[PDB]
Protein chains: 2
Amino acid sequence: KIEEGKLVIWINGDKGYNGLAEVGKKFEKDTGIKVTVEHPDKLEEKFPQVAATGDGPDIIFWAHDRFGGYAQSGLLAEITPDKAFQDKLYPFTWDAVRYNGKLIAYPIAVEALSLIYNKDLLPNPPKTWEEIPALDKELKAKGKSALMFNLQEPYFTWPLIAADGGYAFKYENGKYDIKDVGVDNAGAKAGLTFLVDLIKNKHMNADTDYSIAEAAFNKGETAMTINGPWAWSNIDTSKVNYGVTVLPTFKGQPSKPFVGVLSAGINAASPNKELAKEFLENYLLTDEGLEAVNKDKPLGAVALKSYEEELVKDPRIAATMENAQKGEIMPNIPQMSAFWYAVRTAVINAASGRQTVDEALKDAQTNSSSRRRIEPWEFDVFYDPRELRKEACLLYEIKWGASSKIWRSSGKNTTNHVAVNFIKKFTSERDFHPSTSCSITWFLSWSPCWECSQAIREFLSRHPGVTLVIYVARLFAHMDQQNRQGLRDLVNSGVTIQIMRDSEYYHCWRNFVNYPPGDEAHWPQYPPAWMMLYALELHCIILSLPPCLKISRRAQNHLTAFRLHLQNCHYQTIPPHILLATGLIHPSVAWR
Amino acid sequence: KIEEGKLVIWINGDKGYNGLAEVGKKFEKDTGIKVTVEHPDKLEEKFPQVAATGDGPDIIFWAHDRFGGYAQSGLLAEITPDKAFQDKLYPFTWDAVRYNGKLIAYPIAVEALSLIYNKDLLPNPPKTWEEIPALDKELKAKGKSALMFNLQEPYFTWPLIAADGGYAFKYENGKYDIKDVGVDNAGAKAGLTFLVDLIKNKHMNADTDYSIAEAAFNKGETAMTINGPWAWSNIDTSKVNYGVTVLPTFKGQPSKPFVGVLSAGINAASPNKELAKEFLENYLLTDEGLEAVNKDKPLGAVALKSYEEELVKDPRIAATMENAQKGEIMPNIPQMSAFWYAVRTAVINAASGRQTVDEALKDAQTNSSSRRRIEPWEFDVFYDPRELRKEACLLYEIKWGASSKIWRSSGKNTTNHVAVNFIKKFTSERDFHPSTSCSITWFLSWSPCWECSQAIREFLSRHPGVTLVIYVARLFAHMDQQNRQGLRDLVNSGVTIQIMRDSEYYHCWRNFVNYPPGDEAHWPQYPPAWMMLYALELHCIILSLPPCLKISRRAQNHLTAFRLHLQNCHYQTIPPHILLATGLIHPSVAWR
Ligand SMILES: OC[C@H]1O[C@H](O[C@H]2[C@H](O)[C@@H](O)[C@@H](O)O[C@@H]2CO)[C@H](O)[C@@H](O)[C@@H]1O
Ligand SMILES: OC[C@H]1O[C@H](O[C@H]2[C@H](O)[C@@H](O)[C@@H](O)O[C@@H]2CO)[C@H](O)[C@@H](O)[C@@H]1O
Ligand SMILES: OC[C@H]1O[C@H](O[C@H]2[C@H](O)[C@@H](O)[C@@H](O)O[C@@H]2CO)[C@H](O)[C@@H](O)[C@@H]1O
Ligand SMILES: C[As](C)(=O)[O-]
Ligand SMILES: C[As](C)(=O)[O-]
Ligand SMILES: [Zn+2]
Ligand SMILES: [Zn+2]
């Protein structure tokens, strides 16, 4: 767990955890800090749950796709690599680890799927997918199956989908569109139908996973497979004459597999961020340590120019990099998460006889762009009476008096305050519903800033028929004259502002959180201390009164000082029920 | 709540409420302030219940015995009469209305019980109690009663108890001893035994109350009665030729009834202190006002020298004054309440035969200095939001392992920290209770101070076999090196100290508080903020840590400043469950 003077690292079990542990033991021999490497099941999903509470790993190794979402939730800490060390790595890798113009993780290596074929059972690999069935038949009469790969994860099935036009959040103008998804394109459907046909035609088993595929190829039972560099080690120990080459073409077009950038991020809650930076910049990302890691399980094209200079000489590395070039780099935006959850489901339903290709891809098309859901860990990270610097919070519920139906969704911090983002979405999409007489209800943790107050006021004056109500859980810089006037302005302009309470939190839990089936309505009872304190301060703001409480923090959640100063002014003008509700003052005497 | 610009007065229905109302009407005609007089049932007990909430009357008329307790609860306000006016009343009256060197009420008049006899049915009243049965027999042959008086209230039966040495509290120069009680004295036993004999011997009925007694005397059914001046009016309208004289002598000794000083106290919460002072000093305590009150229901000898000087000429007033002289001044200490509540029961149990005279007097003797059933209003005056320095909970429950019986009761401040009071009481009564095993459980308000800690440790060392557990609700001067080291000292000496929580308060409510009959097991749900805060500070104390929170008060319960300073030391050593329970910090920091 995150201990002082200790490093806890999490890396996928398929990679070189022992090699990384050896590098860590060298770090321990030099500085005296135990480096413990762990590989839990589906760490990409366990990491936020434990990092939010605080008991997690000091460093996390994984692709760059989920690092975006992590940094969005404020789980990763910014890395400061001087220009000398920054110039040591290729610019593509750094561009892959940059979120909102800020570096969030150290690039370790590049990984792309490649076609590994048994040179003994097949001297010349096939150049196209259409000839795979015939080949399979010819080898089935001999007692062996060909081209067996993991069908459980969409990362392996995506090359066929993208071969003829599979766009995942089309990119243009330097920005990735979330609404425009391509998993339902003609080419995507064609590729998935071909794979489903390969399964139906008895050429491939839908139950095949990474373990079964790798074991069958290592035992000479299969002539081909699709995998990255990590498998090369076990394949070498299998003494099977194999060859790594490019992936076959689908309908005369090159298969486009996503390019993953294995990177290491530093936990924002770990107090050993200095030790983490030292370990990753001085011992891991060097020819010595990176070579030791590569020794256990190969990691493909590395990010270090010093090592890559003589590592690209391996034809296997060259084939993987060629496949990556033919492919496209994986985006690191947060929505990617949902994207995969959708494709992974579609692929499964396409492998089984539950849904057709069109049905699965259409459901994935409509679910890849989802913002109607929110996880419980991130709910505790944003909607909580306790402070977290990364505001990034908005639960909006729009109701139209005409149809009397609630349309709910969320919003996060995208290089701009969420208020400005919702305003832009409302102004851009004119087809709301009848487009008039709408009641908007916001559930955000931090109070709108002065600039956001002016923007929301201009937006509300722009559209007359908008009944807007705001529920805030925390107060952003409640001791800034401008923020004060902004909140008073919003209230005076017809915007109700109230501090979230038990009712509001439970309502948000039921309507927005992706709570598990069993724990239905089991919302996390938050302490009323800060709820009542922020309510008292907010009422002092509305009454143009001086600040009563003063907070003094120093880190993401470190509270050093807290003071409550109630002047004669407060006792004389602030209503008594609020003071009595905070529980810190006496009732009968507050009234006298 | 208490109204502005209005005077509300509460006086017992047996006094001249109409006369007081007319004086208030004159005050209204002169200053334009409606003075409304009310007479609620059992106001001596209703007044504190409403005064704790703050609502109630502006002025209260009653004996000074209950004013001491009222003042200790912070319910009465200090009066500031000038010397010119103070010299208008008798000095000993002010002495009776003085509590802790401060005048808490305006003395109105003095009242003492007198023997009222029907001059037609009895020409010569009896001079001794021993001849009362004889007289009775004669009148029984006539179809009349000899002596019928209210025996439900101990105020009427006390003269016989004190006739041969019955004292409520011990009398010393400036020192009124609470522990030394004389309700178990030989003379007290003899007096109550004579009363019980009068009841058992068919000379008096044990169910006789004030109503039946007064009505029977006014209807010529009985030849004698015992009453004060207030009954004189109704007796005058009864057309019965009566006479007021001194009380008979028991065993050749004069009957000693407590003398009540009817006084008017000003509610400490009422915002009309000035109006109350004016009404009491300029219109009520004058010859005109006192005469207008005397016309309705006589008040006996008033405290005003101008009126009393020419009022003593009435033989009835002279007889009342003689009974008062031969009697004794009623103490105004708070414990008086319990005292009476004790005697009241004893007497009843002796009249109904449910308990013998010795049993009733012994129980009254043991429960006259304390009270085993605390009222809810005074229990509300004891809690953590109230910073009031005066009241000290001192709820103690002692079990004797030899019998597995629990002894429950309370105690108060009385010019000495409750610690030394309990030490002295236990050291004095050690011989009367069981032999060796003992486990004391304290539920007190303020954490023992430096001096109290040293006294407690020396008491615990003086008695080897004593297991003491302390549950405190607040922390007194938690920023004093001496108090700090004292608490640590008590802990190191084998004494457990913990901050009271919901469970402890519920236990105190169910076992010590006089729970309401209709509302059973409903303990007052109080906010936990200060409970958790004082708990965090207590842990900082025990762990020899620097002060964490700092309070800054300005009035009775006016909290002007409250600061929480959690240094790195605190975060590093304080247990995380306490910090997390306060609700002001994040679990991430607590976990680390
Ligand atoms: O949750 C499944 C996961 O699939 C992909 O993860 C890849 C990973 O990027 C590679 O480094 C390698 O380890 O194979 C994994 C599939 O087993 C996606 O990268 C990821 O977004 C997704 O969550
Ligand atoms: O959520 C992002 C987070 O970044 C920073 O968090 C780190 C930071 O690296 C440190 O300088 C220090 O301030 O606290 C954290 C690690 O101890 C910031 O705290 C803040 O911008 C933000 O919350
Ligand atoms: O403690 C019991 C109760 O007894 C006496 O009360 C008398 C009072 O003195 C009389 O003036 C009359 O008006 O009311 C009571 C008789 O029922 C004590 O004087 C009183 O203080 C005390 O509370
Ligand atoms: C989401 As904000 C920092 O504008 O309140
Ligand atoms: C601190 As104390 C008045 O209970 O001795
Ligand atoms: Zn903003
Ligand atoms: Zn003390």
# chains A, B, ... in the order shown; residues from 1 in each chain; ligands from 1
call {"tool": "calpha_fit_rmsd", "arguments": {"fixed": "chain A", "moving": "chain B"}}
result
3.1 Å
call {"tool": "select_by_dssp", "arguments": {"residues": "region 159-295 of chain B", "states": "strand (DSSP E or B)", "output": "ChimeraX atom specification"}}
result
/B:170-172,175-177,222-227,242-245,249-250,253-254,258-267
call {"tool": "residues_near_ligand", "arguments": {"ligand": "ligand 1", "cutoff": "6 Å", "atoms": "only C-alpha atoms and all ligand atoms", "output": "PDB file with N, CA, C and O atoms, in the first residue's frame"}}
result
ATOM      1  N   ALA A  63      -1.588   0.707 -20.833  1.00  0.00           N
ATOM      2  CA  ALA A  63      -1.627   1.475 -22.065  1.00  0.00           C
ATOM      3  C   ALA A  63      -2.030   2.916 -21.748  1.00  0.00           C
ATOM      4  O   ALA A  63      -2.551   3.224 -20.672  1.00  0.00           O
ATOM      5  N   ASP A  65      -4.400   4.618 -23.167  1.00  0.00           N
ATOM      6  CA  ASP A  65      -5.827   4.878 -23.356  1.00  0.00           C
ATOM      7  C   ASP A  65      -6.554   5.183 -22.047  1.00  0.00           C
ATOM      8  O   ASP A  65      -7.306   6.160 -21.963  1.00  0.00           O
ATOM      9  N   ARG A  66      -6.363   4.357 -21.015  1.00  0.00           N
ATOM     10  CA  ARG A  66      -7.053   4.613 -19.752  1.00  0.00           C
ATOM     11  C   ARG A  66      -6.393   5.691 -18.901  1.00  0.00           C
ATOM     12  O   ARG A  66      -7.020   6.177 -17.944  1.00  0.00           O
ATOM     13  N   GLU A 153     -11.141 -10.449 -26.096  1.00  0.00           N
ATOM     14  CA  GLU A 153     -10.836  -9.027 -25.978  1.00  0.00           C
ATOM     15  C   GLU A 153     -10.954  -8.339 -27.330  1.00  0.00           C
ATOM     16  O   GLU A 153     -10.454  -8.866 -28.337  1.00  0.00           O
ATOM     17  N   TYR A 155      -9.386  -5.865 -28.459  1.00  0.00           N
ATOM     18  CA  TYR A 155      -8.115  -5.361 -28.972  1.00  0.00           C
ATOM     19  C   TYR A 155      -7.569  -6.256 -30.079  1.00  0.00           C
ATOM     20  O   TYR A 155      -6.841  -5.781 -30.959  1.00  0.00           O
ATOM     21  N   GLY A 260      -0.784   0.653 -29.083  1.00  0.00           N
ATOM     22  CA  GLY A 260      -0.775   0.907 -27.655  1.00  0.00           C
ATOM     23  C   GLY A 260       0.589   1.425 -27.226  1.00  0.00           C
ATOM     24  O   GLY A 260       1.621   1.000 -27.741  1.00  0.00           O
TER      25      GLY A 260
END
call {"tool": "residues_around", "arguments": {"residues": "residue 225 (chain B)", "least_positions_apart": "5", "cutoff": "8 Å", "atoms": "only C-alpha atoms", "output": "PyMOL selection string"}}
result
chain B and resi 115-117+147-149+213-214+217
call {"tool": "write_last_selection", "arguments": {"atoms": "N, CA and C atoms", "output": "PDB file, in the first residue's frame"}}
result
ATOM      1  N   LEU B 115     -51.387  28.387  63.522  1.00  0.00           N
ATOM      2  CA  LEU B 115     -52.496  27.549  63.953  1.00  0.00           C
ATOM      3  C   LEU B 115     -53.771  28.378  63.897  1.00  0.00           C
ATOM      4  N   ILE B 116     -54.684  27.996  63.013  1.00  0.00           N
ATOM      5  CA  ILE B 116     -55.955  28.686  62.849  1.00  0.00           C
ATOM      6  C   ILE B 116     -57.022  27.827  63.514  1.00  0.00           C
ATOM      7  N   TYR B 117     -57.719  28.394  64.499  1.00  0.00           N
ATOM      8  CA  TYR B 117     -58.736  27.651  65.230  1.00  0.00           C
ATOM      9  C   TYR B 117     -60.080  28.366  65.212  1.00  0.00           C
ATOM     10  N   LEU B 147     -58.173  18.460  64.514  1.00  0.00           N
ATOM     11  CA  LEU B 147     -57.118  19.061  63.709  1.00  0.00           C
ATOM     12  C   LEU B 147     -57.093  18.393  62.347  1.00  0.00           C
ATOM     13  N   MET B 148     -57.399  19.158  61.305  1.00  0.00           N
ATOM     14  CA  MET B 148     -57.398  18.657  59.936  1.00  0.00           C
ATOM     15  C   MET B 148     -56.577  19.626  59.097  1.00  0.00           C
ATOM     16  N   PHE B 149     -55.402  19.191  58.644  1.00  0.00           N
ATOM     17  CA  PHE B 149     -54.536  20.049  57.850  1.00  0.00           C
ATOM     18  C   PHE B 149     -53.934  19.243  56.708  1.00  0.00           C
ATOM     19  N   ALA B 213     -58.741  20.125  53.642  1.00  0.00           N
ATOM     20  CA  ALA B 213     -58.511  20.774  54.931  1.00  0.00           C
ATOM     21  C   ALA B 213     -59.153  22.155  54.990  1.00  0.00           C
ATOM     22  N   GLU B 214     -58.852  23.005  54.008  1.00  0.00           N
ATOM     23  CA  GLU B 214     -59.410  24.350  53.992  1.00  0.00           C
ATOM     24  C   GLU B 214     -60.935  24.320  53.935  1.00  0.00           C
ATOM     25  N   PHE B 217     -62.418  23.213  57.302  1.00  0.00           N
ATOM     26  CA  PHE B 217     -62.332  24.222  58.352  1.00  0.00           C
ATOM     27  C   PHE B 217     -63.307  25.360  58.084  1.00  0.00           C
TER      28      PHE B 217
END
call {"tool": "interface_residues", "arguments": {"of": "chain A", "to": "chain B", "cutoff": "8 Å", "atoms": "only C-alpha atoms", "output": "MDAnalysis selection string"}}
result
chainID A and resid 2:3 52:55 269 386:387 527:530 557:567 583:586 588:590 592
call {"tool": "residues_near_ligand", "arguments": {"ligand": "ligand 6", "cutoff": "8 Å", "atoms": "only C-alpha atoms and all ligand atoms", "output": "PDB file with N, CA and C atoms, in the first residue's frame"}}
result
ATOM      1  N   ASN A 416     -11.679  23.308 -19.780  1.00  0.00           N
ATOM      2  CA  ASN A 416     -12.561  24.439 -19.538  1.00  0.00           C
ATOM      3  C   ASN A 416     -13.501  24.052 -18.416  1.00  0.00           C
ATOM      4  N   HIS A 417     -14.062  25.050 -17.752  1.00  0.00           N
ATOM      5  CA  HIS A 417     -15.008  24.729 -16.701  1.00  0.00           C
ATOM      6  C   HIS A 417     -16.243  24.050 -17.303  1.00  0.00           C
ATOM      7  N   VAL A 418     -16.726  23.029 -16.593  1.00  0.00           N
ATOM      8  CA  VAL A 418     -17.854  22.249 -17.090  1.00  0.00           C
ATOM      9  C   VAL A 418     -19.050  23.130 -17.435  1.00  0.00           C
ATOM     10  N   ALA A 419     -19.204  24.265 -16.746  1.00  0.00           N
ATOM     11  CA  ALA A 419     -20.325  25.147 -17.046  1.00  0.00           C
ATOM     12  C   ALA A 419     -20.257  25.602 -18.497  1.00  0.00           C
ATOM     13  N   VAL A 420     -19.071  26.056 -18.922  1.00  0.00           N
ATOM     14  CA  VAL A 420     -18.892  26.524 -20.292  1.00  0.00           C
ATOM     15  C   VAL A 420     -19.134  25.382 -21.260  1.00  0.00           C
ATOM     16  N   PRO A 448     -19.769  27.561  -8.972  1.00  0.00           N
ATOM     17  CA  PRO A 448     -19.261  28.234 -10.174  1.00  0.00           C
ATOM     18  C   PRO A 448     -18.388  29.432  -9.832  1.00  0.00           C
ATOM     19  N   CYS A 449     -17.312  29.590 -10.596  1.00  0.00           N
ATOM     20  CA  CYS A 449     -16.389  30.696 -10.407  1.00  0.00           C
ATOM     21  C   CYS A 449     -17.009  31.976 -10.963  1.00  0.00           C
ATOM     22  N   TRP A 450     -16.326  33.106 -10.783  1.00  0.00           N
ATOM     23  CA  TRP A 450     -16.876  34.372 -11.263  1.00  0.00           C
ATOM     24  C   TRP A 450     -17.044  34.364 -12.780  1.00  0.00           C
ATOM     25  N   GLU A 451     -16.044  33.857 -13.507  1.00  0.00           N
ATOM     26  CA  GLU A 451     -16.161  33.791 -14.960  1.00  0.00           C
ATOM     27  C   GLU A 451     -17.278  32.842 -15.371  1.00  0.00           C
ATOM     28  N   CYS A 452     -17.377  31.686 -14.716  1.00  0.00           N
ATOM     29  CA  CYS A 452     -18.469  30.783 -15.051  1.00  0.00           C
ATOM     30  C   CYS A 452     -19.806  31.411 -14.727  1.00  0.00           C
ATOM     31  N   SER A 453     -19.862  32.199 -13.656  1.00  0.00           N
ATOM     32  CA  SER A 453     -21.099  32.865 -13.295  1.00  0.00           C
ATOM     33  C   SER A 453     -21.512  33.835 -14.388  1.00  0.00           C
TER      34      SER A 453
END
call {"tool": "closest_residue", "arguments": {"among": "A:411, A:464, A:376, A:524", "to": "ligand 4", "atoms": "only C-alpha atoms and all ligand atoms"}}
result
A:411
call {"tool": "residues_around", "arguments": {"residues": "residue 192 (chain B)", "least_positions_apart": "6", "cutoff": "10 Å", "atoms": "only C-alpha atoms", "output": "list in words"}}
result
residues 157, 158, 159, 160, 161, 162, 198, 346, 347, 350, 351, 357, 358, 360 and 361 of chain B
call {"tool": "closest_residue", "arguments": {"among": "B:234, B:201, B:325, B:511", "to": "residue 256 (chain B)", "atoms": "only C-alpha atoms"}}
result
B:325
call {"tool": "residues_around", "arguments": {"residues": "residue 79 (chain B)", "least_positions_apart": "5", "cutoff": "10 Å", "atoms": "only C-alpha atoms", "output": "list in words"}}
result
residues 102, 103, 104, 105, 106, 265, 266, 273, 274 and 277 of chain B
call {"tool": "residues_near_ligand", "arguments": {"ligand": "ligand 5", "cutoff": "12 Å", "atoms": "only C-alpha atoms and all ligand atoms", "output": "short mmCIF file (atom, residue, chain, number, x, y, z; two decimals) with N, CA and C atoms, in the first residue's frame"}}
result
data_model
loop_
_atom_site.label_atom_id
_atom_site.label_comp_id
_atom_site.auth_asym_id
_atom_site.auth_seq_id
_atom_site.Cartn_x
_atom_site.Cartn_y
_atom_site.Cartn_z
N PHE B 382 -26.95 20.37 30.72
CA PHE B 382 -25.70 19.59 30.72
C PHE B 382 -25.49 18.89 29.38
N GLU B 387 -21.25 25.76 26.53
CA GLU B 387 -19.93 25.97 27.10
C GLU B 387 -20.01 26.46 28.54
N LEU B 388 -21.22 26.67 29.06
CA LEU B 388 -21.44 27.16 30.42
C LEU B 388 -20.50 26.49 31.42
N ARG B 389 -19.80 27.32 32.18
CA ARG B 389 -18.81 26.90 33.17
C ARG B 389 -19.42 26.40 34.48
N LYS B 390 -20.57 26.95 34.88
CA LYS B 390 -21.20 26.63 36.16
C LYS B 390 -21.64 25.20 36.44
N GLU B 391 -22.63 24.68 35.72
CA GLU B 391 -23.13 23.34 36.03
C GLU B 391 -22.10 22.25 35.80
N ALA B 392 -22.07 21.31 36.74
CA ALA B 392 -21.20 20.14 36.69
C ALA B 392 -22.11 18.94 36.85
N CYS B 393 -22.20 18.12 35.81
CA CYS B 393 -23.05 16.93 35.75
C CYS B 393 -23.02 16.07 37.01
N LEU B 394 -21.86 15.46 37.27
CA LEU B 394 -21.61 14.58 38.41
C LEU B 394 -22.70 13.52 38.58
N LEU B 395 -22.84 12.67 37.57
CA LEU B 395 -23.78 11.57 37.63
C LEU B 395 -22.96 10.34 37.98
N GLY B 411 -25.03 14.87 41.80
CA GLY B 411 -24.48 15.89 42.67
C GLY B 411 -24.14 17.11 41.85
N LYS B 412 -23.92 18.22 42.54
CA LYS B 412 -23.61 19.46 41.83
C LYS B 412 -22.32 20.12 42.30
N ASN B 413 -22.08 21.35 41.84
CA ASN B 413 -20.86 22.10 42.15
C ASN B 413 -20.76 22.54 43.61
N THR B 414 -21.62 23.46 44.04
CA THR B 414 -21.66 23.97 45.42
C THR B 414 -20.30 24.45 45.92
N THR B 415 -19.79 25.50 45.27
CA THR B 415 -18.53 26.18 45.59
C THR B 415 -17.31 25.27 45.61
N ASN B 416 -17.44 24.02 45.17
CA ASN B 416 -16.31 23.10 45.16
C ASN B 416 -16.45 22.19 43.95
N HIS B 417 -15.33 21.92 43.29
CA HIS B 417 -15.37 21.04 42.14
C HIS B 417 -15.96 19.70 42.57
N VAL B 418 -16.94 19.20 41.81
CA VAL B 418 -17.65 17.96 42.12
C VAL B 418 -16.73 16.82 42.57
N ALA B 419 -15.48 16.84 42.10
CA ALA B 419 -14.53 15.81 42.48
C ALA B 419 -14.36 15.71 43.99
N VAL B 420 -13.97 16.83 44.62
CA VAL B 420 -13.76 16.82 46.07
C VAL B 420 -15.06 16.54 46.82
N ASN B 421 -16.20 16.97 46.27
CA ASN B 421 -17.47 16.70 46.94
C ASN B 421 -17.73 15.21 47.01
N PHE B 422 -17.57 14.51 45.89
CA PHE B 422 -17.77 13.07 45.92
C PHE B 422 -16.73 12.39 46.80
N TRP B 442 -18.34 7.37 36.68
CA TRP B 442 -18.67 8.78 36.63
C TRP B 442 -19.10 9.18 35.23
N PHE B 443 -20.12 10.04 35.17
CA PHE B 443 -20.66 10.63 33.96
C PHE B 443 -20.69 12.10 34.33
N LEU B 444 -19.61 12.82 34.03
CA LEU B 444 -19.53 14.23 34.38
C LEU B 444 -19.45 15.12 33.15
N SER B 445 -19.69 16.40 33.39
CA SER B 445 -19.71 17.37 32.32
C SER B 445 -18.31 17.83 31.93
N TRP B 446 -17.59 18.46 32.86
CA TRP B 446 -16.27 18.97 32.55
C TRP B 446 -15.17 18.03 33.00
N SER B 447 -14.15 17.90 32.15
CA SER B 447 -13.03 17.05 32.48
C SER B 447 -12.34 17.59 33.73
N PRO B 448 -11.97 16.73 34.67
CA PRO B 448 -11.33 17.21 35.91
C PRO B 448 -10.15 18.14 35.65
N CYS B 449 -10.11 19.23 36.41
CA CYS B 449 -9.06 20.23 36.33
C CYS B 449 -7.82 19.71 37.05
N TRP B 450 -6.73 20.47 36.96
CA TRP B 450 -5.46 20.08 37.58
C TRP B 450 -5.63 19.69 39.05
N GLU B 451 -6.19 20.60 39.85
CA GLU B 451 -6.40 20.34 41.27
C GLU B 451 -7.31 19.14 41.50
N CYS B 452 -8.38 19.03 40.72
CA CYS B 452 -9.28 17.89 40.86
C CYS B 452 -8.59 16.59 40.50
N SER B 453 -7.71 16.62 39.50
CA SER B 453 -6.98 15.42 39.11
C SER B 453 -6.08 14.96 40.24
N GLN B 454 -5.38 15.91 40.87
CA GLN B 454 -4.52 15.53 41.98
C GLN B 454 -5.34 14.98 43.14
N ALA B 455 -6.48 15.61 43.43
CA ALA B 455 -7.34 15.13 44.51
C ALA B 455 -7.88 13.74 44.21
N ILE B 456 -8.28 13.50 42.96
CA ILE B 456 -8.80 12.19 42.57
C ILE B 456 -7.72 11.13 42.68
N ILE B 470 -14.21 7.19 34.12
CA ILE B 470 -14.69 8.55 33.92
C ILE B 470 -15.13 8.78 32.48
N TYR B 471 -16.37 9.23 32.32
CA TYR B 471 -16.98 9.57 31.05
C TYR B 471 -17.29 11.06 31.14
N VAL B 472 -16.58 11.86 30.36
CA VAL B 472 -16.77 13.31 30.36
C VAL B 472 -17.41 13.73 29.06
N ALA B 473 -18.16 14.83 29.14
CA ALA B 473 -18.84 15.35 27.96
C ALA B 473 -18.11 16.53 27.34
N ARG B 474 -17.31 17.26 28.12
CA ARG B 474 -16.58 18.43 27.64
C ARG B 474 -15.15 18.36 28.19
N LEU B 475 -14.32 19.32 27.77
CA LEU B 475 -12.94 19.41 28.22
C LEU B 475 -12.71 20.83 28.73
N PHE B 476 -12.32 20.95 30.00
CA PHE B 476 -12.10 22.24 30.63
C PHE B 476 -10.65 22.69 30.47
N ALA B 477 -10.46 23.87 29.88
CA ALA B 477 -9.15 24.47 29.65
C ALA B 477 -8.17 23.45 29.08
N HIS B 478 -8.55 22.87 27.94
CA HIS B 478 -7.73 21.86 27.30
C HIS B 478 -6.39 22.40 26.84
N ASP B 480 -4.11 24.04 28.88
CA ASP B 480 -3.37 24.36 30.10
C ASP B 480 -2.46 23.19 30.38
N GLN B 482 -1.06 22.29 32.98
CA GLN B 482 -1.40 21.62 34.23
C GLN B 482 -2.62 20.71 34.08
N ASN B 483 -3.69 21.21 33.45
CA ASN B 483 -4.86 20.36 33.24
C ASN B 483 -4.51 19.19 32.33
N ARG B 484 -3.69 19.46 31.32
CA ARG B 484 -3.24 18.45 30.38
C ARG B 484 -2.49 17.33 31.11
N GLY B 486 -2.57 16.74 34.18
CA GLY B 486 -3.44 16.11 35.16
C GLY B 486 -4.26 15.00 34.55
N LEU B 487 -4.81 15.23 33.36
CA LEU B 487 -5.57 14.17 32.70
C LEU B 487 -4.65 13.01 32.37
#
call {"tool": "residues_near_ligand", "arguments": {"ligand": "ligand 3", "cutoff": "8 Å", "atoms": "only C-alpha atoms and all ligand atoms", "output": "ChimeraX atom specification"}}
result
/B:12,14-15,44,62-66,111-112,153-156,210,228,230,258-262,330,336-337,339-341,344
call {"tool": "closest_residue", "arguments": {"among": "A:216, A:292, A:50, A:196", "to": "residue 118 (chain A)", "atoms": "only C-alpha atoms"}}
result
A:216
call {"tool": "residues_around", "arguments": {"residues": "region 85-99 of chain B", "least_positions_apart": "5", "cutoff": "10 Å", "atoms": "only C-alpha atoms", "output": "PyMOL selection string"}}
result
chain B and resi 63-65+67-69+71-72+78+80+104-110+260-265+281-282+285-286+302-308+329-334
